[PDB]
file model.txt (compact mmCIF, C-alpha atoms)
# COMPACT_ATOMS: atom_id res chain seq x y z
CA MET A 1 -21.57 -5.70 8.64
CA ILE A 2 -19.48 -7.58 6.09
CA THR A 3 -15.83 -7.43 4.92
CA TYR A 4 -14.46 -8.86 1.69
CA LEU A 5 -10.93 -10.30 1.99
CA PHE A 6 -8.58 -10.79 -1.01
CA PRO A 7 -5.79 -13.49 -0.95
CA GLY A 8 -2.16 -12.95 -1.76
CA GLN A 9 0.90 -15.05 -2.43
CA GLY A 10 0.48 -18.33 -0.75
CA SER A 11 -3.06 -18.82 -2.21
CA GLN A 12 -2.14 -19.25 -5.89
CA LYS A 13 -3.05 -22.66 -7.30
CA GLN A 14 -2.91 -24.21 -10.69
CA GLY A 15 -6.48 -24.11 -12.09
CA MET A 16 -7.40 -20.90 -10.34
CA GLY A 17 -9.77 -18.68 -12.23
CA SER A 18 -11.33 -21.72 -13.75
CA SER A 19 -14.62 -20.47 -15.07
CA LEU A 20 -13.81 -16.80 -15.19
CA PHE A 21 -11.43 -16.08 -18.04
CA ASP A 22 -13.98 -17.11 -20.62
CA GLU A 23 -16.75 -15.22 -18.94
CA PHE A 24 -14.64 -12.00 -18.81
CA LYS A 25 -12.90 -12.39 -22.22
CA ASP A 26 -12.30 -8.71 -22.77
CA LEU A 27 -10.64 -8.26 -19.39
CA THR A 28 -8.44 -11.30 -19.86
CA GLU A 29 -7.44 -10.09 -23.27
CA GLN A 30 -6.58 -6.70 -21.91
CA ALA A 31 -4.42 -8.38 -19.30
CA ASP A 32 -2.68 -10.58 -21.83
CA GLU A 33 -1.95 -7.63 -24.11
CA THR A 34 -0.37 -5.75 -21.20
CA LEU A 35 1.64 -8.60 -19.75
CA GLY A 36 2.88 -10.31 -22.93
CA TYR A 37 1.46 -13.80 -22.27
CA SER A 38 -1.81 -15.67 -21.80
CA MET A 39 -3.14 -15.36 -18.26
CA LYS A 40 -5.50 -18.29 -18.81
CA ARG A 41 -2.54 -20.40 -19.90
CA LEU A 42 -0.48 -19.32 -16.89
CA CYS A 43 -3.17 -20.12 -14.33
CA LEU A 44 -4.51 -23.32 -15.89
CA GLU A 45 -1.35 -24.98 -17.24
CA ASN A 46 1.34 -23.41 -15.01
CA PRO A 47 3.93 -23.49 -17.76
CA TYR A 48 7.60 -23.61 -16.62
CA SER A 49 6.13 -23.59 -13.05
CA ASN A 50 5.68 -19.80 -13.54
CA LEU A 51 2.77 -19.54 -11.18
CA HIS A 52 5.23 -19.83 -8.32
CA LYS A 53 7.59 -17.05 -9.49
CA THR A 54 6.52 -13.71 -7.95
CA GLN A 55 6.75 -11.64 -11.11
CA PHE A 56 3.92 -13.93 -12.55
CA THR A 57 2.24 -14.82 -9.26
CA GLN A 58 1.36 -11.21 -8.43
CA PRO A 59 -0.45 -10.30 -11.68
CA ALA A 60 -2.07 -13.79 -11.79
CA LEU A 61 -3.56 -13.38 -8.36
CA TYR A 62 -4.51 -9.80 -9.08
CA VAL A 63 -6.44 -10.77 -12.21
CA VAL A 64 -8.14 -13.84 -10.61
CA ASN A 65 -9.12 -11.80 -7.57
CA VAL A 66 -10.59 -9.08 -9.84
CA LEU A 67 -12.67 -11.49 -11.91
CA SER A 68 -13.74 -13.28 -8.74
CA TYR A 69 -14.94 -9.93 -7.36
CA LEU A 70 -16.75 -8.85 -10.52
CA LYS A 71 -18.48 -12.22 -10.71
CA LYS A 72 -19.48 -12.03 -7.06
CA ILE A 73 -21.15 -8.73 -7.37
CA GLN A 74 -22.75 -9.62 -10.70
CA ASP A 75 -24.67 -12.42 -8.87
CA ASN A 76 -25.10 -10.54 -5.59
CA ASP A 77 -25.46 -6.85 -6.03
CA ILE A 78 -24.29 -5.97 -2.50
CA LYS A 79 -21.26 -3.87 -1.56
CA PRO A 80 -19.20 -4.75 1.54
CA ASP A 81 -18.80 -2.39 4.48
CA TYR A 82 -14.97 -2.90 4.33
CA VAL A 83 -12.29 -4.52 2.27
CA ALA A 84 -8.79 -5.78 2.96
CA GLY A 85 -6.28 -8.02 1.28
CA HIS A 86 -3.11 -9.78 2.22
CA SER A 87 -0.07 -8.07 0.69
CA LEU A 88 -0.75 -8.50 -3.06
CA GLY A 89 -4.44 -8.71 -2.13
CA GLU A 90 -4.50 -5.14 -0.90
CA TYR A 91 -4.41 -4.10 -4.59
CA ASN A 92 -7.66 -6.03 -5.04
CA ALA A 93 -9.23 -4.26 -2.08
CA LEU A 94 -8.15 -0.89 -3.56
CA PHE A 95 -9.70 -1.96 -6.88
CA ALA A 96 -13.02 -2.94 -5.20
CA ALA A 97 -12.94 0.44 -3.46
CA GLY A 98 -12.56 2.29 -6.72
CA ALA A 99 -9.10 3.75 -6.11
CA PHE A 100 -8.00 2.73 -9.63
CA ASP A 101 -9.27 0.88 -12.69
CA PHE A 102 -8.43 -2.62 -13.69
CA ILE A 103 -5.49 -1.90 -15.95
CA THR A 104 -4.02 0.67 -13.59
CA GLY A 105 -3.96 -1.83 -10.83
CA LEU A 106 -2.48 -4.44 -13.23
CA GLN A 107 0.38 -2.00 -14.12
CA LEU A 108 1.11 -1.43 -10.46
CA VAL A 109 1.21 -5.12 -9.55
CA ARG A 110 3.24 -6.01 -12.64
CA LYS A 111 5.90 -3.53 -11.58
CA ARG A 112 5.67 -4.62 -7.94
CA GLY A 113 6.18 -8.22 -9.00
CA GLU A 114 9.09 -7.31 -11.22
CA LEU A 115 10.90 -5.34 -8.50
CA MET A 116 10.35 -8.00 -5.85
CA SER A 117 11.59 -10.73 -8.17
CA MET A 118 14.93 -8.94 -8.33
CA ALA A 119 15.59 -9.88 -4.68
CA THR A 120 17.83 -12.84 -4.15
CA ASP A 121 19.77 -14.22 -1.24
CA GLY A 122 16.66 -13.87 0.97
CA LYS A 123 14.12 -16.27 2.52
CA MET A 124 10.96 -16.31 4.56
CA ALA A 125 9.57 -18.89 7.04
CA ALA A 126 6.26 -19.47 8.67
CA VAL A 127 6.52 -19.91 12.47
CA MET A 128 3.55 -21.31 14.43
CA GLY A 129 2.93 -21.61 18.19
CA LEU A 130 4.37 -18.22 19.31
CA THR A 131 2.99 -14.72 19.52
CA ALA A 132 4.65 -11.98 17.49
CA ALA A 133 6.14 -10.56 20.70
CA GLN A 134 7.63 -13.94 21.54
CA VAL A 135 9.03 -14.43 18.03
CA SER A 136 10.67 -10.97 18.24
CA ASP A 137 12.12 -11.74 21.67
CA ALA A 138 13.49 -15.08 20.46
CA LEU A 139 15.17 -13.44 17.47
CA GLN A 140 16.85 -10.78 19.65
CA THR A 141 18.09 -13.17 22.27
CA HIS A 142 19.56 -15.77 19.87
CA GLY A 143 21.66 -13.36 17.85
CA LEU A 144 19.10 -13.02 15.03
CA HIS A 145 18.25 -9.34 15.37
CA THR A 146 18.77 -9.02 11.58
CA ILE A 147 15.55 -10.95 10.86
CA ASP A 148 12.28 -9.08 10.51
CA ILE A 149 8.70 -10.06 11.05
CA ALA A 150 7.05 -10.01 7.59
CA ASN A 151 3.52 -11.11 8.43
CA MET A 152 1.51 -11.25 11.61
CA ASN A 153 -1.32 -13.47 10.46
CA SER A 154 -3.08 -14.71 13.62
CA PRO A 155 -2.19 -14.67 17.31
CA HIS A 156 0.20 -17.67 16.98
CA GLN A 157 1.13 -17.50 13.24
CA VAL A 158 3.99 -15.21 12.19
CA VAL A 159 6.17 -15.16 9.06
CA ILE A 160 9.78 -14.12 9.51
CA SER A 161 11.98 -12.69 6.71
CA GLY A 162 15.67 -12.06 6.17
CA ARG A 163 18.94 -13.09 4.63
CA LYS A 164 19.08 -16.76 3.52
CA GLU A 165 21.71 -17.73 5.96
CA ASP A 166 19.99 -16.09 8.90
CA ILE A 167 16.74 -17.88 8.12
CA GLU A 168 18.73 -21.11 8.07
CA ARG A 169 20.05 -20.50 11.58
CA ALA A 170 16.64 -19.57 12.75
CA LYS A 171 15.33 -23.06 11.96
CA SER A 172 17.58 -24.48 14.63
CA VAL A 173 16.66 -21.88 17.13
CA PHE A 174 12.94 -22.23 16.73
CA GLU A 175 12.98 -26.02 16.65
CA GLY A 176 14.58 -25.95 20.13
CA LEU A 177 11.71 -23.81 21.49
CA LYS A 178 8.98 -25.89 23.11
CA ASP A 179 5.97 -23.95 22.04
CA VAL A 180 6.91 -23.85 18.39
CA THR A 181 4.67 -26.27 16.47
CA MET A 182 5.95 -25.55 12.94
CA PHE A 183 8.90 -23.87 11.22
CA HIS A 184 8.30 -23.96 7.47
CA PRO A 185 10.39 -22.07 4.96
CA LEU A 186 8.32 -20.51 2.27
CA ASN A 187 9.00 -20.90 -1.47
CA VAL A 188 10.69 -17.46 -2.11
CA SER A 189 14.24 -16.27 -2.66
CA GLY A 190 13.53 -12.75 -1.38
CA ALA A 191 13.12 -11.39 2.13
CA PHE A 192 9.85 -9.79 1.43
CA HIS A 193 8.26 -7.28 3.94
CA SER A 194 11.63 -6.69 5.52
CA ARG A 195 14.41 -4.03 5.69
CA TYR A 196 16.10 -5.90 2.80
CA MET A 197 13.42 -4.63 0.42
CA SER A 198 14.60 -1.03 0.88
CA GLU A 199 15.76 -0.56 -2.71
CA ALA A 200 12.72 -2.11 -4.27
CA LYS A 201 10.57 0.09 -2.05
CA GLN A 202 12.25 3.33 -3.04
CA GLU A 203 12.11 2.38 -6.77
CA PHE A 204 8.40 1.50 -6.41
CA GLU A 205 7.67 4.74 -4.56
CA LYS A 206 9.27 6.68 -7.38
CA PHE A 207 7.23 4.70 -9.93
CA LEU A 208 4.09 5.52 -7.95
CA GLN A 209 4.58 9.22 -8.41
CA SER A 210 3.43 8.84 -12.06
CA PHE A 211 -0.04 7.74 -10.86
CA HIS A 212 -3.08 9.53 -9.63
CA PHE A 213 -5.71 7.78 -7.63
CA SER A 214 -9.53 8.07 -7.46
CA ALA A 215 -11.74 8.29 -4.34
CA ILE A 216 -11.86 5.30 -2.06
CA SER A 217 -15.56 4.48 -1.73
CA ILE A 218 -15.32 1.43 0.56
CA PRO A 219 -12.84 1.70 3.46
CA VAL A 220 -9.66 -0.25 2.93
CA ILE A 221 -7.89 -1.51 5.99
CA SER A 222 -4.15 -1.14 5.32
CA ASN A 223 -1.62 -3.83 5.91
CA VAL A 224 0.89 -1.24 7.21
CA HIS A 225 -1.24 0.44 9.81
CA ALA A 226 -4.16 -1.89 10.40
CA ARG A 227 -6.47 1.12 9.89
CA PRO A 228 -8.36 2.64 6.99
CA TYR A 229 -6.45 4.33 4.20
CA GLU A 230 -6.83 8.04 4.09
CA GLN A 231 -7.57 9.35 0.60
CA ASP A 232 -4.41 11.37 0.50
CA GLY A 233 -2.22 8.65 1.85
CA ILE A 234 -2.46 5.97 -0.89
CA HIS A 235 1.05 6.52 -2.35
CA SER A 236 2.86 6.35 0.93
CA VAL A 237 0.89 3.44 2.38
CA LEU A 238 1.34 1.37 -0.78
CA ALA A 239 5.05 2.08 -0.90
CA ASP A 240 5.46 1.40 2.90
CA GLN A 241 3.78 -1.96 2.35
CA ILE A 242 6.85 -3.27 0.58
CA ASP A 243 9.28 -3.01 3.47
CA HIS A 244 6.97 -3.21 6.45
CA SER A 245 5.21 -6.03 8.31
CA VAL A 246 1.75 -7.12 7.14
CA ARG A 247 -0.32 -6.48 10.27
CA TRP A 248 -3.07 -8.88 9.25
CA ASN A 249 -4.06 -10.01 12.79
CA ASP A 250 -4.46 -6.43 13.92
CA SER A 251 -6.38 -5.54 10.75
CA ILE A 252 -8.93 -8.27 11.42
CA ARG A 253 -9.18 -7.33 15.06
CA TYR A 254 -9.84 -3.70 14.04
CA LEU A 255 -12.77 -5.02 12.00
CA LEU A 256 -14.02 -7.46 14.74
CA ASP A 257 -14.09 -4.53 17.17
CA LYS A 258 -16.74 -2.73 15.18
CA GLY A 259 -19.33 -5.35 16.06
CA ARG A 260 -21.00 -8.27 14.31
CA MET A 261 -18.67 -8.57 11.44
CA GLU A 262 -18.73 -11.32 8.88
CA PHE A 263 -15.98 -12.02 6.36
CA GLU A 264 -15.99 -13.45 2.89
CA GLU A 265 -12.84 -14.47 1.01
CA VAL A 266 -12.99 -13.41 -2.72
CA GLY A 267 -10.37 -15.25 -4.81
CA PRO A 268 -8.79 -18.66 -4.74
CA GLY A 269 -8.47 -20.79 -1.68
CA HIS A 270 -9.56 -20.58 1.92
CA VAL A 271 -6.37 -19.38 3.57
CA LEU A 272 -7.68 -16.11 4.92
CA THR A 273 -10.91 -17.70 6.01
CA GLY A 274 -8.85 -20.18 8.05
CA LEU A 275 -7.08 -17.27 9.66
CA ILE A 276 -10.32 -15.64 10.67
CA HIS A 277 -11.28 -18.69 12.63
CA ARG A 278 -7.99 -18.73 14.51
CA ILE A 279 -8.13 -15.00 15.20
CA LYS A 280 -11.65 -15.35 16.69
CA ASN A 281 -10.87 -18.38 18.91

call {"tool": "encode", "arguments": {"input": "model.txt", "output": "structure tokens"}}
result
Amino acid sequence: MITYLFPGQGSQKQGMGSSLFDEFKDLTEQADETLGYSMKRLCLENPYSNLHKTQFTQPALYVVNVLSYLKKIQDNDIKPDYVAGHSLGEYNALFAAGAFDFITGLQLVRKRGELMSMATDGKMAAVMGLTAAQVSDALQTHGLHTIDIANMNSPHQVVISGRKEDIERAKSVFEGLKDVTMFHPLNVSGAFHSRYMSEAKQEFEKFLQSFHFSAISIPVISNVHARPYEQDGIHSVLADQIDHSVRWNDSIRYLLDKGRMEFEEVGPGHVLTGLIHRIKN
């Protein structure tokens, strides 16, 4: 069986979507009309360093991932057995699955980006060398119970998330731990996928109520639950995604467990492919 995997924030790169904007001119134009700027310009020239600001990053990745998908299936007229995507990427899996059309998904990710960009005074950090359980234990025992686990990416790669000052203290703590091989703050000023996104989540959930979804035709493994979406559960699972951990390791393991599974990353970069390899070994 095969799974298609869609990248999220962390995979954006200037030059992404290279060949595709010209090949899908109508879609790019539709995006530009909706967003108020040129998507080609954003991705290729990274004006004002906008590619790295979440309100731009999210729709940029969404659009590149869509065009990457449409191109892939234009050349190879195969549909995957499953799809998943990392945070932002989950919108691309839902699109591949037919839950919504292109512009619907673009509206949702534009709003998601906007709300998340309103977070300040937060930070996130990638922690390598420890299991999720060990990271959680370390947080609790060093007075850092206020920090959440935002991503569980592979068995020894976790991203933590919380108030700026708490993430600062955490650096010290983790650098003193022998098995930690890396502590690397990420380039955000919000504590994404944490309790500190409560407001954004509730605003997004309210926004969601205006939308109606179509049938999921390819199972989508949710970040929140590491299990397929249920047709009637799209609203709640998309809203929960904002303030809950991305259970990426468990999502991949769910897929591995079904037997002989291959994965292909659709979108820029090889980040998720790299994670597969660490999950398997």

call {"tool": "closest_residue", "arguments": {"input": "model.txt", "among": "A:178, A:111, A:142, A:25", "to": "residue 67 of chain A", "atoms": "only C-alpha atoms"}}
result
A:25

call {"tool": "residues_near_point", "arguments": {"input": "model.txt", "point": "(-1.0, -16.5, 18.3)", "cutoff": "7 Å", "atoms": "only C-alpha atoms", "output": "count of residues only"}}
result
7

call {"tool": "residues_around", "arguments": {"input": "model.txt", "residues": "residue 238 of chain A", "least_positions_apart": "6", "cutoff": "9 Å", "atoms": "all atoms listed in the file", "output": "count of residues only"}}
result
7

call {"tool": "closest_residue", "arguments": {"input": "model.txt", "among": "A:48, A:180, A:65, A:38", "to": "residue 268 of chain A", "atoms": "all atoms listed in the file"}}
result
A:65

call {"tool": "closest_residue", "arguments": {"input": "model.txt", "among": "A:118, A:158, A:72, A:220", "to": "residue 181 of chain A", "atoms": "only C-alpha atoms"}}
result
A:158

call {"tool": "residues_around", "arguments": {"input": "model.txt", "residues": "residue 196 of chain A", "least_positions_apart": "6", "cutoff": "8 Å", "atoms": "all atoms listed in the file", "output": "list in words"}}
result
residues 162, 163 and 243 of chain A

call {"tool": "residues_near_point", "arguments": {"input": "model.txt", "point": "(11.3, -8.3, -4.9)", "cutoff": "9 Å", "atoms": "all atoms listed in the file", "output": "list in words"}}
result
residues 54, 55, 112, 113, 114, 115, 116, 117, 118, 119, 120, 189, 190, 191, 192, 197, 200, 201 and 242 of chain A

call {"tool": "decode", "arguments": {"input": "model.txt", "residues": "segment 108-210 of chain A", "atoms": "C-alpha atoms", "output": "compact mmCIF listing (two decimals), in the first residue's frame"}}
result
# COMPACT_ATOMS: atom_id res chain seq x y z
CA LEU A 108 -9.43 27.81 5.96
CA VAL A 109 -5.63 27.98 5.97
CA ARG A 110 -5.62 31.75 5.42
CA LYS A 111 -7.74 32.18 8.53
CA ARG A 112 -5.71 29.61 10.45
CA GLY A 113 -2.53 31.46 9.56
CA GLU A 114 -4.03 34.79 10.53
CA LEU A 115 -5.20 33.57 13.94
CA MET A 116 -1.92 31.83 14.75
CA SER A 117 0.07 34.90 13.76
CA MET A 118 -1.72 36.82 16.50
CA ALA A 119 0.17 34.78 19.14
CA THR A 120 3.14 36.47 20.66
CA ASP A 121 5.24 35.90 23.73
CA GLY A 122 5.53 32.19 22.81
CA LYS A 123 8.28 29.90 21.45
CA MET A 124 8.89 26.37 20.33
CA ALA A 125 12.05 24.19 20.39
CA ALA A 126 13.08 20.97 18.79
CA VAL A 127 14.52 18.46 21.30
CA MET A 128 16.42 15.39 20.04
CA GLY A 129 17.72 12.30 21.88
CA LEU A 130 14.76 11.72 24.26
CA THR A 131 11.45 9.94 23.94
CA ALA A 132 8.25 11.92 24.39
CA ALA A 133 7.74 10.25 27.78
CA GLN A 134 11.21 11.31 28.86
CA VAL A 135 10.72 14.89 27.64
CA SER A 136 7.44 15.07 29.60
CA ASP A 137 9.10 13.68 32.73
CA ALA A 138 11.98 16.15 32.44
CA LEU A 139 9.58 19.08 32.12
CA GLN A 140 7.59 18.03 35.21
CA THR A 141 10.60 17.42 37.40
CA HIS A 142 12.44 20.68 36.56
CA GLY A 143 9.56 23.02 37.29
CA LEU A 144 8.49 23.34 33.64
CA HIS A 145 5.04 21.77 33.84
CA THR A 146 3.71 24.80 31.90
CA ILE A 147 5.40 23.63 28.68
CA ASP A 148 3.53 21.37 26.30
CA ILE A 149 4.63 18.86 23.75
CA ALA A 150 3.67 20.30 20.34
CA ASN A 151 4.98 17.61 17.99
CA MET A 152 5.98 14.02 18.44
CA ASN A 153 7.83 13.48 15.19
CA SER A 154 9.88 10.29 15.63
CA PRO A 155 10.83 8.16 18.63
CA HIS A 156 13.63 10.58 19.72
CA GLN A 157 12.44 13.88 18.11
CA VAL A 158 9.94 16.03 20.01
CA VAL A 159 9.02 19.73 19.71
CA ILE A 160 8.13 21.53 22.91
CA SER A 161 5.98 24.71 23.07
CA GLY A 162 5.20 27.37 25.64
CA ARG A 163 5.75 30.84 26.97
CA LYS A 164 8.99 32.51 25.75
CA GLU A 165 10.56 32.65 29.12
CA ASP A 166 9.79 29.04 29.94
CA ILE A 167 11.32 27.86 26.68
CA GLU A 168 14.41 29.87 27.61
CA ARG A 169 14.76 28.04 30.92
CA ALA A 170 14.20 24.77 29.23
CA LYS A 171 17.35 25.22 27.13
CA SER A 172 19.42 25.04 30.28
CA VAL A 173 17.60 22.07 31.60
CA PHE A 174 17.86 20.01 28.46
CA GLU A 175 21.49 20.89 27.80
CA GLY A 176 22.35 19.38 31.21
CA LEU A 177 20.67 16.07 30.25
CA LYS A 178 23.13 13.55 28.83
CA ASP A 179 20.99 11.97 26.21
CA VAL A 180 19.90 15.22 24.65
CA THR A 181 21.73 15.67 21.33
CA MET A 182 20.08 18.93 20.21
CA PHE A 183 17.98 21.75 21.65
CA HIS A 184 17.05 24.11 18.83
CA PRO A 185 14.54 26.91 19.16
CA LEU A 186 12.33 27.20 16.17
CA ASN A 187 11.69 30.46 14.27
CA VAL A 188 8.20 31.31 15.74
CA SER A 189 6.88 33.76 18.29
CA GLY A 190 3.84 31.63 19.15
CA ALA A 191 3.48 28.52 21.27
CA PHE A 192 1.77 26.57 18.63
CA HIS A 193 0.05 23.18 19.42
CA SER A 194 -0.12 24.10 23.08
CA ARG A 195 -2.66 25.22 25.75
CA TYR A 196 -1.64 28.82 24.90
CA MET A 197 -3.49 28.55 21.58
CA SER A 198 -6.84 28.23 23.38
CA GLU A 199 -8.27 31.50 22.09
CA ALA A 200 -7.18 30.99 18.54
CA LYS A 201 -8.69 27.51 18.67
CA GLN A 202 -12.08 28.65 19.88
CA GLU A 203 -12.17 31.48 17.27
CA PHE A 204 -11.20 28.98 14.53
CA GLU A 205 -13.82 26.48 15.69
CA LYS A 206 -16.46 29.18 15.47
CA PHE A 207 -15.23 30.12 11.97
CA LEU A 208 -15.46 26.46 10.98
CA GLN A 209 -19.15 26.34 11.70
CA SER A 210 -19.76 28.33 8.46
